Structure formats: structure tokens, C-alpha cells
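Undergrad: Here it is, the structure, as C-alpha cells.
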Amino acid sequence: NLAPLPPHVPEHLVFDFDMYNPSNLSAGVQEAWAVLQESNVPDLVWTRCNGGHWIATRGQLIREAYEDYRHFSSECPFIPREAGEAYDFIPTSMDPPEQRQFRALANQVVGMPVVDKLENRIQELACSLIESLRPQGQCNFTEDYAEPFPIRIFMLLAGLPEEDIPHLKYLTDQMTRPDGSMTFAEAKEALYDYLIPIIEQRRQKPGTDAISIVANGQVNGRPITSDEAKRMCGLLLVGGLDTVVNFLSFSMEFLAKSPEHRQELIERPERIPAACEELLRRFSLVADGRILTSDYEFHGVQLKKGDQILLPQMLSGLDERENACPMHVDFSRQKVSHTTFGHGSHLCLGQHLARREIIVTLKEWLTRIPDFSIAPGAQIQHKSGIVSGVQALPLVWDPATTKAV
Ligand code: HEM
Ligand SMILES: c1ccc(-c2cnc[nH]2)cc1
């Protein structure tokens, strides 16, 4: 389903990429997207899928568009338009300087200090889940660890019931990797039907959880409104539920195939941090974009006010002009260039949480289960969308090679 090419688009800039269903999906998600960086594809292309939009395919362009909020606005950050239109998440749907007050608050809830505080639970939960897995010789990493780990830590943080996971997780999946079962607005509304009664309660009777801190916070000297709180909380949910979850599966899938990488980390633990950056570069997974605020000429292409452009954060680090041998995971790269957690004013506030969770998972898993692989005859499937994922990850191992700690 291709939308008719608008007038201002040179037919030579057409490249019909479906961000919801790239062509080389079988090969892997990052590999499927990276077709945008072949010699045949211009730096800035137009796809007729998902109703027509620009895509910047290079690190240099993505970074620039990101920095440039004057021209490229977050007002409508999602493709398709209706999805970007229906989204009113804060601070994500706002530009500086408005953005800034809301961000400062969100930072209170997720920043460094909170991670430092939660660190012992993070470690506790990872050890406990792993130890629980170990003797079995087999899981579903996606369901058995990558889902529970990051999620139970978020629920804890936000003061929400474990019982709500199944429910929330579905709604969140609908937003980043729309199924067709429900539109974006419906998905947004139901998540919202959820939070509303909750924020009500925490404005009345405050706790120490994130929702309470958000719901009772100050923004530009006055108190945040219920609607504003609803809107920040929405973002927190998706970030909390949907990101690290998918990140871990790509990473683990990689580790399950690369014994030598496992070993390197086992013998030279001082490398964990450096490896974490490299996996963040290679298994980058977020693709969103911006809306043009006017007619503007970018890198020789004429953009019309109201044109949406996808600025795949995933693509910067997979670019050869930024990283030599981009598809190759190398723990000792002198410089790991990426924009995994974004660029410009919208840099991810929850990056600290995310890294802490990755490093723990690697350090702890490898410790107990140093030798593992993918189940013989399992075919791993990735999924594409705003945030990409792994469908299932069946792992197998000999319990006899594990070590209980
Ligand atoms: C490994 C996982 C993660 C990745 C790759 C990721 C990536 C991103 C990206 C690319 C952006 C900017 C989007 C834009 O510019 O449109 C962003 C923003 C955001 N992220 Fe993350 N994120 C992750 C995890 C998290 C977590 C765990 C949280 C906290 C619950 C979170 C909270 C946020 C917030 C609050 C913003 C908005 C910042 C602003 O608008 O000022 N993220 N993230
Ligand atoms: C949709 C909404 C939120 C996000 C996100 C921000 N940080 C992590 N995930 C990604 C897509």
C-alpha cells in the first residue's frame, strides 16, 4: 500500500521502506534497516509506505535534524501521522524551552540518584531469576527473564501491581509494534483509562513511588495538572515496559551465538562497560522522527512544512562513516559512536537505569551460566516498529556447566 508521491518529491529520492515490515526481516532487524545505507540509497529518501515520509539514513543527518528543533519538531514524532498526532506524551511531544521543565521533573523520578538507590534490588532480582533458571537447562529468555527483570523493577519503582503487567505490556506492544488489533488512539486511551484513577489517588494520598512524585510535582512554579501527569506517566510506562526488555533479547541472542564474546567478558570483566556501549551501538532499536515546522531546505532536499521525517536513532551507529565494520561487534573499539538513547534535547533520562540493568544482567548471567546456546531448530524472529523486538528466544544449556553463587 503505497501513497501517491506528493509534488515536491523528486522521484529519484523514492525508496519504499516499510518501517513496520522491512524486507530483509529474516536476516535480522538491524540488518533489514541497514539496507537504507547501501550505495544505491541517497542520504535522504522518501517512502510511500505508512502514508509518505522522509527518512534520513546517515548519522550526520540524524544528529543535525535532532539538534535542530526549530525546523524539526517533536509535536508529531511518530509515523504514521495519526499515531504521531494521537500521542501527547511529555516531554517527548514538546520542544525547548517548554520541554525543559517537564524533563527536570522526569529526571527526579528516573535519574542517577534513583538508580544508585535501587541498585541492590536490581542485583537482587537478577541473581534470583538467573539462579531460578540455571538448573532447568532451558528458558524462553524473552518471557523468562527479559520481560520480568526490567518490568518488575519498574513496577516497584512506580508502585504498581505485578498483576497489571500482562495488561499494560499488551497496550505498550500496541504502540511500538502495532498489531492491527487496535489503532494508536484506542491504545493510548486504554493506557490512559488505567492511569487516571491512579493519579487521582496519588494526588490525594501521596506515596514515594514515581507516579506520586510526578503527580505532585512543580513545573514552572505552579503545580502540574492531572492531564500533564497522565501524559508523563504514559511515557514512563512504555519506556519502562518496552525497551530494556527488547534490548536484552537482541543482546542475549548475540551472546548465545558468540562463545568468544562470552569468554572475553568472563576473563576481562573490566570490559563489561565497554561491551555494553558496543551492544547498544549494534543492537540499537528505536526509530522515531520529527515534523517540519516550515518549508526548509535540508542537505539540498526541499522539505515542505508538515512533512514528517523518520530519524532512525538505530541508524547512526550502524553507519560506516561513523563506525568501521558496523555489523561487527568489537569490544575494544577506540570509539563507539551511536545515538541509541537519542540526540539533542530529548536525550533519554532513563539511560542510567537501562545501562545498570544491562551490566547487571551480563555480569550475573555469565557468572552462573557461562556457556549456552540457542535451541537447535528454533528460528528467531525479530519484529520492526518504533521499537523493534525479538518474538521469542529459546536458550538451552547443560546444567552441569553452570555455577551456583
Ligand atoms: C535500552 C533502552 C532504551 C533506549 C534505547 C531508549 C531510547 C530513547 C530515545 C531514542 C529517546 C528519545 C526519543 C525522541 O527523541 O523522540 C528516549 C527518550 C526518553 N526515554 Fe528512553 N530509552 C530506553 C529506556 C528507557 C527507560 C528504561 C526509561 C525510564 C522509564 C526511559 C525514559 C525516557 C524518557 C523519560 C524520555 C524522554 C526524554 C525527553 O523527552 O526529554 N527510557 N529514550
Ligand atoms: C514510544 C514511546 C516511548 C519510547 C521510549 C523512550 N524511552 C524509551 N522508550 C519509545 C517509543
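All residue names refer to the C-alpha cells as shown: chains lettered A, B, ... in order, residues numbered from 1 in each chain, ligands numbered from 1 in order.
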Could the residues that lie within 7 Å of ligand 1, counting only C-alpha atoms and all ligand atoms, be listed as an MDAnalysis selection string?
TA: chainID A and resid 74 77 90:92 99 103 106 110 235:237 239:240 243:244 247 284:286 288:289 313 340:343 345:351 353:354
Undergrad: For residue 16 (chain A), list every protein, DNA or RNA residue within 9 Å, evaluated using only C-alpha atoms, and leave out those in the same chain fewer than 3 positions away; present the list as a PyMOL selection string.
TA: chain A and resi 2+45-49
Undergrad: For each of A:242, A:31, A:18, A:371, take the minimum atom-to-atom distance to ligand 2, counting only C-alpha atoms and all ligand atoms, then give the residue where this is smallest.
TA: A:242
Undergrad: Leaving out region 148-161 of chain A and any residue of its chain fewer than 2 positions from it, which residues lie within 6 Å of it when counting only C-alpha atoms, given as a list in words?
TA: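 Surrounding residues, per the criterion: residues 145, 146, 163, 164, 209, 210, 211, 240 and 241 of chain A.
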Undergrad: Between A:173, A:144, A:119, A:186, which is the closest to ligand 2 once you count only C-alpha atoms and all ligand atoms?
TA: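 Closest to ligand 2, using only C-alpha atoms and all ligand atoms: A:173.
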Undergrad: Rounded to one decimal, what separation in Å do you get between CA of residue 310 (chain A) and CA of residue 105 (chain A)?
TA: 27.5 Å
Undergrad: Got a sec: who's within 12 Å of residue 69 (chain A), counting only C-alpha atoms, leaving out chain neighbours fewer than 6 positions off, as a PyMOL selection string?
TA: chain A and resi 63+75+77+93-99+289-294+343-346
Undergrad: For ligand 2, which of A:217, A:84, A:42, A:197 is the closest residue, counting only C-alpha atoms and all ligand atoms?
TA: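 Looking at the shortest contact to ligand 2, the residue is A:84.
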Undergrad: Taking the DSSP assignment computed from this structure's backbone, write out as a VMD selection string all residues of region 146-336 of chain A that belong to strand (DSSP E).
TA: chain A and resid 218 to 219 222 to 223 288 to 292 296 to 298 301 to 303 308 to 311
Undergrad: Print the selection's residues with N, CA, C and O atoms to a file, as a PDB file, in the first residue's frame.
TA:
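Ended up saving to part39.pdb:
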ATOM      1  N   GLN A 218       6.197  20.076  40.667  1.00  0.00           N
ATOM      2  CA  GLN A 218       6.180  21.501  40.293  1.00  0.00           C
ATOM      3  C   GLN A 218       6.831  21.674  38.919  1.00  0.00           C
ATOM      4  O   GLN A 218       7.899  21.086  38.687  1.00  0.00           O
ATOM      5  N   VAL A 219       6.204  22.464  38.105  1.00  0.00           N
ATOM      6  CA  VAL A 219       6.680  22.788  36.754  1.00  0.00           C
ATOM      7  C   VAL A 219       6.387  24.254  36.446  1.00  0.00           C
ATOM      8  O   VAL A 219       5.223  24.640  36.203  1.00  0.00           O
ATOM      9  N   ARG A 222       4.314  26.562  39.283  1.00  0.00           N
ATOM     10  CA  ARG A 222       2.956  26.055  39.566  1.00  0.00           C
ATOM     11  C   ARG A 222       2.995  24.538  39.560  1.00  0.00           C
ATOM     12  O   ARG A 222       3.994  23.921  39.123  1.00  0.00           O
ATOM     13  N   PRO A 223       1.908  23.959  40.016  1.00  0.00           N
ATOM     14  CA  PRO A 223       1.724  22.509  40.114  1.00  0.00           C
ATOM     15  C   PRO A 223       1.276  21.940  38.762  1.00  0.00           C
ATOM     16  O   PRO A 223       0.425  22.525  38.065  1.00  0.00           O
ATOM     17  N   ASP A 288      12.286   6.775  15.796  1.00  0.00           N
ATOM     18  CA  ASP A 288      11.087   7.755  15.713  1.00  0.00           C
ATOM     19  C   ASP A 288      11.485   8.905  14.825  1.00  0.00           C
ATOM     20  O   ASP A 288      12.428   8.786  14.042  1.00  0.00           O
ATOM     21  N   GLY A 289      10.757  10.033  14.846  1.00  0.00           N
ATOM     22  CA  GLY A 289      11.061  11.152  13.935  1.00  0.00           C
ATOM     23  C   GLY A 289      10.449  12.440  14.399  1.00  0.00           C
ATOM     24  O   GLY A 289      10.235  12.544  15.635  1.00  0.00           O
ATOM     25  N   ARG A 290      10.453  13.408  13.511  1.00  0.00           N
ATOM     26  CA  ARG A 290      10.019  14.787  13.727  1.00  0.00           C
ATOM     27  C   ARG A 290       9.140  15.301  12.596  1.00  0.00           C
ATOM     28  O   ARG A 290       8.829  14.594  11.619  1.00  0.00           O
ATOM     29  N   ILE A 291       8.523  16.420  12.772  1.00  0.00           N
ATOM     30  CA  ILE A 291       7.638  17.073  11.817  1.00  0.00           C
ATOM     31  C   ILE A 291       8.273  18.387  11.439  1.00  0.00           C
ATOM     32  O   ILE A 291       8.919  19.014  12.323  1.00  0.00           O
ATOM     33  N   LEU A 292       8.141  18.731  10.173  1.00  0.00           N
ATOM     34  CA  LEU A 292       8.746  20.024   9.702  1.00  0.00           C
ATOM     35  C   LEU A 292       7.721  21.150  10.047  1.00  0.00           C
ATOM     36  O   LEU A 292       6.552  21.025   9.741  1.00  0.00           O
ATOM     37  N   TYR A 296      11.719  24.028   4.298  1.00  0.00           N
ATOM     38  CA  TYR A 296      13.125  24.159   4.702  1.00  0.00           C
ATOM     39  C   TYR A 296      13.929  23.248   3.804  1.00  0.00           C
ATOM     40  O   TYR A 296      13.455  22.138   3.470  1.00  0.00           O
ATOM     41  N   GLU A 297      15.100  23.775   3.466  1.00  0.00           N
ATOM     42  CA  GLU A 297      15.958  23.048   2.505  1.00  0.00           C
ATOM     43  C   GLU A 297      17.078  22.408   3.291  1.00  0.00           C
ATOM     44  O   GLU A 297      17.959  23.139   3.803  1.00  0.00           O
ATOM     45  N   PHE A 298      17.019  21.090   3.308  1.00  0.00           N
ATOM     46  CA  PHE A 298      17.986  20.332   4.125  1.00  0.00           C
ATOM     47  C   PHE A 298      18.889  19.459   3.259  1.00  0.00           C
ATOM     48  O   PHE A 298      18.418  18.520   2.667  1.00  0.00           O
ATOM     49  N   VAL A 301      17.824  18.962  -0.149  1.00  0.00           N
ATOM     50  CA  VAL A 301      16.462  18.412  -0.474  1.00  0.00           C
ATOM     51  C   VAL A 301      15.469  19.427   0.079  1.00  0.00           C
ATOM     52  O   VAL A 301      15.754  19.995   1.167  1.00  0.00           O
ATOM     53  N   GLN A 302      14.403  19.651  -0.649  1.00  0.00           N
ATOM     54  CA  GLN A 302      13.394  20.623  -0.198  1.00  0.00           C
ATOM     55  C   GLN A 302      12.316  19.910   0.592  1.00  0.00           C
ATOM     56  O   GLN A 302      11.621  19.063   0.031  1.00  0.00           O
ATOM     57  N   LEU A 303      12.191  20.348   1.826  1.00  0.00           N
ATOM     58  CA  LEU A 303      11.168  19.737   2.728  1.00  0.00           C
ATOM     59  C   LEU A 303      10.032  20.750   2.870  1.00  0.00           C
ATOM     60  O   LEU A 303      10.311  21.918   3.135  1.00  0.00           O
ATOM     61  N   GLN A 308       6.628  14.782   7.515  1.00  0.00           N
ATOM     62  CA  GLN A 308       7.205  14.012   8.671  1.00  0.00           C
ATOM     63  C   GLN A 308       8.507  13.428   8.142  1.00  0.00           C
ATOM     64  O   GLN A 308       8.559  13.031   6.983  1.00  0.00           O
ATOM     65  N   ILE A 309       9.507  13.350   8.980  1.00  0.00           N
ATOM     66  CA  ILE A 309      10.735  12.619   8.665  1.00  0.00           C
ATOM     67  C   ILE A 309      11.111  11.635   9.768  1.00  0.00           C
ATOM     68  O   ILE A 309      11.324  12.065  10.927  1.00  0.00           O
ATOM     69  N   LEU A 310      11.450  10.413   9.394  1.00  0.00           N
ATOM     70  CA  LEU A 310      11.912   9.400  10.360  1.00  0.00           C
ATOM     71  C   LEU A 310      13.401   9.620  10.545  1.00  0.00           C
ATOM     72  O   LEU A 310      14.104   9.649   9.506  1.00  0.00           O
ATOM     73  N   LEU A 311      13.889   9.713  11.729  1.00  0.00           N
ATOM     74  CA  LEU A 311      15.293   9.900  12.074  1.00  0.00           C
ATOM     75  C   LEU A 311      15.659   8.675  12.964  1.00  0.00           C
ATOM     76  O   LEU A 311      15.790   8.828  14.165  1.00  0.00           O
TER      77      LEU A 311
END
Undergrad: How many Å lie between CA of residue 316 (chain A) and CA of residue 251 (chain A), rounded to one decimal?
TA: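 One can read the CA of residue 316 (chain A) to CA of residue 251 (chain A) distance as 18.3 Å.
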Undergrad: For residue 123 (chain A), which residue out of A:272, A:266, A:362, A:375 is the nearest one, using only C-alpha atoms?
TA: A:362
